Structure formats: C-alpha cells, structure tokens
>>> print(open('model-v9.pdb').read())   # PDB, C-alpha atoms
ATOM      1  CA  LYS A   1     -68.044 210.745 105.856  1.00  0.00           C
ATOM      2  CA  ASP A   2     -70.145 212.051 108.772  1.00  0.00           C
ATOM      3  CA  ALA A   3     -71.536 210.323 111.911  1.00  0.00           C
ATOM      4  CA  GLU A   4     -72.452 206.626 111.726  1.00  0.00           C
ATOM      5  CA  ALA A   5     -69.162 205.737 113.506  1.00  0.00           C
ATOM      6  CA  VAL A   6     -71.212 203.844 116.094  1.00  0.00           C
ATOM      7  CA  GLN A   7     -72.989 201.965 113.264  1.00  0.00           C
ATOM      8  CA  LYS A   8     -69.607 200.891 111.803  1.00  0.00           C
ATOM      9  CA  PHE A   9     -68.380 199.808 115.220  1.00  0.00           C
ATOM     10  CA  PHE A  10     -71.608 197.917 115.851  1.00  0.00           C
ATOM     11  CA  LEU A  11     -71.503 195.861 112.625  1.00  0.00           C
ATOM     12  CA  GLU A  12     -67.726 195.284 112.813  1.00  0.00           C
ATOM     13  CA  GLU A  13     -68.007 193.895 116.342  1.00  0.00           C
ATOM     14  CA  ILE A  14     -70.972 191.635 115.461  1.00  0.00           C
ATOM     15  CA  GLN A  15     -69.024 190.296 112.486  1.00  0.00           C
ATOM     16  CA  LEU A  16     -65.808 189.717 114.454  1.00  0.00           C
ATOM     17  CA  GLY A  17     -67.769 188.090 117.308  1.00  0.00           C
ATOM     18  CA  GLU A  18     -69.450 185.756 114.833  1.00  0.00           C
ATOM     19  CA  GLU A  19     -66.070 184.821 113.224  1.00  0.00           C
ATOM     20  CA  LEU A  20     -64.462 184.081 116.612  1.00  0.00           C
ATOM     21  CA  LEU A  21     -67.392 181.924 117.802  1.00  0.00           C
ATOM     22  CA  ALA A  22     -66.968 179.974 114.533  1.00  0.00           C
ATOM     23  CA  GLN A  23     -63.254 179.377 115.265  1.00  0.00           C
ATOM     24  CA  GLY A  24     -64.383 178.063 118.663  1.00  0.00           C
ATOM     25  CA  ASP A  25     -62.962 181.062 120.590  1.00  0.00           C
ATOM     26  CA  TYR A  26     -65.980 181.546 122.878  1.00  0.00           C
ATOM     27  CA  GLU A  27     -64.719 184.130 125.392  1.00  0.00           C
ATOM     28  CA  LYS A  28     -63.273 186.354 122.649  1.00  0.00           C
ATOM     29  CA  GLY A  29     -66.364 186.016 120.442  1.00  0.00           C
ATOM     30  CA  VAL A  30     -68.681 186.770 123.377  1.00  0.00           C
ATOM     31  CA  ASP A  31     -66.449 189.773 124.267  1.00  0.00           C
ATOM     32  CA  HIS A  32     -67.012 191.372 120.861  1.00  0.00           C
ATOM     33  CA  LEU A  33     -70.786 190.635 120.632  1.00  0.00           C
ATOM     34  CA  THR A  34     -71.168 192.318 124.044  1.00  0.00           C
ATOM     35  CA  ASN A  35     -69.304 195.413 122.705  1.00  0.00           C
ATOM     36  CA  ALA A  36     -72.005 195.559 119.972  1.00  0.00           C
ATOM     37  CA  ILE A  37     -74.827 195.133 122.447  1.00  0.00           C
ATOM     38  CA  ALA A  38     -73.341 197.809 124.733  1.00  0.00           C
ATOM     39  CA  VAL A  39     -73.592 200.497 121.988  1.00  0.00           C
ATOM     40  CA  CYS A  40     -77.179 199.496 121.093  1.00  0.00           C
ATOM     41  CA  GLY A  41     -79.309 200.655 124.074  1.00  0.00           C
ATOM     42  CA  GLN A  42     -82.531 199.130 122.767  1.00  0.00           C
ATOM     43  CA  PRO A  43     -80.890 195.718 122.313  1.00  0.00           C
ATOM     44  CA  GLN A  44     -84.069 193.701 122.921  1.00  0.00           C
ATOM     45  CA  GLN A  45     -84.488 192.870 119.188  1.00  0.00           C
ATOM     46  CA  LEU A  46     -80.750 192.102 118.926  1.00  0.00           C
ATOM     47  CA  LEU A  47     -80.795 189.805 121.989  1.00  0.00           C
ATOM     48  CA  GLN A  48     -83.736 187.826 120.523  1.00  0.00           C
ATOM     49  CA  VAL A  49     -81.839 187.358 117.254  1.00  0.00           C
ATOM     50  CA  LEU A  50     -78.731 186.203 119.184  1.00  0.00           C
ATOM     51  CA  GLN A  51     -80.867 183.771 121.253  1.00  0.00           C
ATOM     52  CA  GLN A  52     -82.248 182.207 118.051  1.00  0.00           C
ATOM     53  CA  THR A  53     -78.763 182.080 116.447  1.00  0.00           C
ATOM     54  CA  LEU A  54     -76.425 180.825 119.193  1.00  0.00           C
ATOM     55  CA  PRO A  55     -76.279 177.491 121.001  1.00  0.00           C
ATOM     56  CA  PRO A  56     -77.909 177.976 124.434  1.00  0.00           C
ATOM     57  CA  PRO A  57     -74.685 177.824 126.531  1.00  0.00           C
ATOM     58  CA  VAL A  58     -72.977 180.353 124.265  1.00  0.00           C
ATOM     59  CA  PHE A  59     -76.016 182.620 124.662  1.00  0.00           C
ATOM     60  CA  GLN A  60     -75.808 182.202 128.460  1.00  0.00           C
ATOM     61  CA  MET A  61     -72.130 183.226 128.422  1.00  0.00           C
ATOM     62  CA  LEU A  62     -73.353 186.357 126.650  1.00  0.00           C
ATOM     63  CA  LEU A  63     -75.949 187.280 129.298  1.00  0.00           C
ATOM     64  CA  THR A  64     -73.292 186.838 131.986  1.00  0.00           C
ATOM     65  CA  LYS A  65     -70.616 188.892 130.215  1.00  0.00           C
ATOM     66  CA  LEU A  66     -73.003 191.847 130.148  1.00  0.00           C
TER      67      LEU A  66
ATOM     68  CA  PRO B   1     -72.509 205.677 103.594  1.00  0.00           C
ATOM     69  CA  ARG B   2     -73.065 201.925 103.936  1.00  0.00           C
ATOM     70  CA  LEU B   3     -76.678 200.754 103.959  1.00  0.00           C
ATOM     71  CA  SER B   4     -75.732 197.458 105.618  1.00  0.00           C
ATOM     72  CA  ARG B   5     -74.426 199.355 108.658  1.00  0.00           C
ATOM     73  CA  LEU B   6     -77.447 201.683 108.739  1.00  0.00           C
ATOM     74  CA  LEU B   7     -80.000 198.837 108.390  1.00  0.00           C
ATOM     75  CA  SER B   8     -78.195 196.520 110.836  1.00  0.00           C
ATOM     76  CA  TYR B   9     -78.272 199.234 113.546  1.00  0.00           C
ATOM     77  CA  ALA B  10     -81.855 200.304 112.819  1.00  0.00           C
ATOM     78  CA  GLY B  11     -83.205 197.943 115.501  1.00  0.00           C
ATOM     79  CA  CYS B  12     -81.096 199.743 118.331  1.00  0.00           C
TER      80      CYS B  12
END
>>> encode(input="model-v9.pdb", output="structure tokens")
Amino acid sequence: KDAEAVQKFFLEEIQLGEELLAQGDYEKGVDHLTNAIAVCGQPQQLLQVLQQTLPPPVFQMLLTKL
Amino acid sequence: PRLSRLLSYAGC
C-alpha cells in the first residue's frame, strides 16, 4: 500500500533464486539471489546465511556474480 | 503489509 516495494522485490528474488537452484538452473538461480543481495546494502548477515545454505561451489558462483 | 517481507529484509 505504501513503500516496502524493495522488501517485496528482495523476498521474491530470494524465493525465485532458491526455486531455480532446486531445478538445477545454477546461473539463473545465482542471478536472482544476486539481485536480492544488490538491494540489501548490509548483506553480511544474508551472505552468511547463504554460505550455510548452499553447496560451496554454488556459493562461490554467487561471490563471482557480484 | 506482509510481515514475512518486513522481517526477511530486517537484516539489510
């Protein structure tokens, strides 16, 4: 109804990224997670969560696609 | 609003 457009974008991109990684579409999934990270700005807590959640090589694709 | 969106973004 008001602001919070960035918050919607953020969660939608995380969720789509997650879904694509699960279908095995790594580049696309990583693309969308990095859209979420880009709108964060203090993404240190987010990046820790992602590191604990993703297989290491998928996480490394993320750090590179930033 | 949507709490889930607010809470999820709180860390940013």
>>> interface_residues(input="model-v9.pdb", of="chain A", to="chain B", cutoff="9 Å", atoms="all atoms listed in the file", output="number ranges by chain")
A: 1-2, 4, 6-12, 37, 39-46
>>> resolve_selection(input="model-v9.pdb", expression="the PyMOL selection byres ((chain A and resi 58-62) around 12)", output="number ranges by chain")
A: 17-18, 21-22, 24-38, 47-57, 63-66
>>> axis_aligned_box(input="model-v9.pdb", around="segment 3-6 of chain B", padding_each_side="4 Å", output="AutoDock Vina command-line options")
--center_x -75.9 --center_y 199.6 --center_z 106.3 --size_x 11.0 --size_y 12.2 --size_z 12.8
